Every structure is written in C-alpha cells, then in structure tokens.
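Enquirer: Take a look at this one; I'll ask things after.
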Amino acid sequence: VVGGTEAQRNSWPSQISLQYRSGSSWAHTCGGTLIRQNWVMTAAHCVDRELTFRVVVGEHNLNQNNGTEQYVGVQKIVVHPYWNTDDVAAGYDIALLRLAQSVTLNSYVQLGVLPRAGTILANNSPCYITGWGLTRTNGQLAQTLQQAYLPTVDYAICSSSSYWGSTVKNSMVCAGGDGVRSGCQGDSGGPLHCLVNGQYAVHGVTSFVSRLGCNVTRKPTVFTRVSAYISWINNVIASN
Ligand SMILES: [Ca+2]
C-alpha cells in the first residue's frame, strides 16, 4: 500500500497473510480475507505458481512476534474455473483456499463480512485497502499492516477512456486513483473494506494496478467485485 498509514492491531481481523516457503523460510506474497474458520478468499493470480503456501491469521508485523499469530497450511486451492493468467483484465481473479486446520476466532482473527449478492457502491464510497504490499512503486513490503483510504470510482467513470477504458469490467470494483494512495504488489488477494449502513464489508479482492506503477493518477487500484461472486463462493464452500 503506497500512501498508507499503519493499521491498528485489531482493526481488520479478517486480513490474512498468504506466504510461500522459500528455502527454510517463509515469504509474504499476497493478502486474503478469512471467510470461514477454514476458508480464505484471495486472488487467483496469487496461487498461479506451484508453491507451498501457508496462511497466517492474527498477523500484524511480518518480521516480529506479535503474540497473536496462528499459522496454517493450505489443504485445497479452488481457483475460479474461468480464470486465465494471461488475461487479468478478463476478470475471475478469485480463489478460495481450504485451510488444513480451522483457526480460532478472537479480537485478532474474525470472519470477513461479505456484501449481499449484486451490491454496487455509489461513486466515491468510503473504503480502505489493507495489506503488507510495497509502500512505493518498485519499493518494498511493509513490515506492519498498512491501510489507505481509497474511495470507489464507479464503473461508468472507471471504464471511461482517461481511466481504465475497456480494461475494467463490471465484475470489478475500482478505488482511489488520486496518484498518491493505491494498492501495490504484495497487496494482491487482500480486502477492500467499504462502509455501508454502518458496517465495513469486504467488497473487493485486490487484483491489479497500472503497468506504469502503483499510485498513478486516473489508474485506480482494481479489485474483483466480491458481490458478483457470492453464489460461486457459496457453491464452492458447500461442495468442499
Ligand atoms: Ca508477526
């Protein structure tokens, strides 16, 4: 997250860190949202590589002991069957991970609230992106969880020519684009939390930013629209 601020420890208890094993260590690669004690929602592009992955819940600082983390292996990776890695702009960038163990819920580990199916946010709706992603274009990951205020940009505007044009689909949510704050690599897969009727819900799964860079004016961060995928998510969870 470029232009973010450090999140409070208990603000976003559905945020997870998806990590892969590299030698004898583990490296954060993406975010996700805990949606059941034993399921995580993330981006399909986060699990394109044939890696060994674990999920960390209750994580705050990637480089130091918080006294709150639970570490759990990934038992099953269900990618959306229309996902194509060579075409992020086609959408379907979503995947569900079944965890090898159910995690324990507490202040730091909670299920993410998801929007009702079909819900679309008005233009300029208040949202925060969260993650440990790069803090600058071509920069480095944050040690502590960051958040950035990223108001949505409606589809009519987002899919216009000076924004993302036809690159953006109605199955996506755009947010930010102020040239200062944005998601960035390593935020992928994580939540966009938006305020609706008093309640934050996870309306987005972070998908992509411009090839030009992370915080680019009129290139808002793009997210998979969670409310387009409710039936899909239920169907998976019901049959795995
Ligand atoms: Ca930690």
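Here chain A follows Swiss-Prot for its numbers: 27-266, in order, are the residues you see.
Determined by X-ray crystallography, 1.8 Å, according to the entry header.
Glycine is treated like the rest: Cβ placed from N, Cα and C.
Checked Swiss-Prot, it gives:
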DISULFID  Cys56-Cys72  disulfide bond
ACT_SITE  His71  active site, charge relay system
BINDING   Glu85, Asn87, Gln90, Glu95  Ca(2+) binding site
ACT_SITE  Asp119  active site, charge relay system
DISULFID  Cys153-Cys220  disulfide bond
DISULFID  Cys184-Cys200  disulfide bond
DISULFID  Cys210-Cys240  disulfide bond
ACT_SITE  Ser214  active site, charge relay system
Enquirer: Between the Cα atoms of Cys200 (disulfide bond) and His71 (active site, charge relay system), find the distance and write it as a whole number of Å.
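Expert: The separation of the Cα atoms works out to 18 Å.
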Enquirer: Nearest to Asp119 (active site, charge relay system) in three-dimensional space, by Cα, is which of the recorded positions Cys56, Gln90, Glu95?
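Expert: So, of the listed recorded positions, the one sitting closest to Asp119 (active site, charge relay system) is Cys56.
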Enquirer: In DSSP terms, helix, strand or coil for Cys184 (disulfide bond)?
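Expert: It is helical.
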Enquirer: Near ligand 1, which of the recorded positions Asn87, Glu95, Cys240 have CB less than 6 Å from any of its atoms?
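Expert: Near ligand 1, sequence order: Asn87, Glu95.
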Enquirer: Going by Cα-Cα distance, which of the recorded positions (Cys56, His71, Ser214, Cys220, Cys240) sits nearest to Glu85 (Ca(2+) binding site)?
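Expert: Checked the recorded positions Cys56, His71, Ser214, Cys220, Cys240; minimum Cα distance to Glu85 (Ca(2+) binding site) goes to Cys56.
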Enquirer: What's the CA-CA gap between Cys153 (disulfide bond) and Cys184 (disulfide bond) in angstrom, rounded?
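Expert: Here the two Cα atoms lie 16 Å apart.
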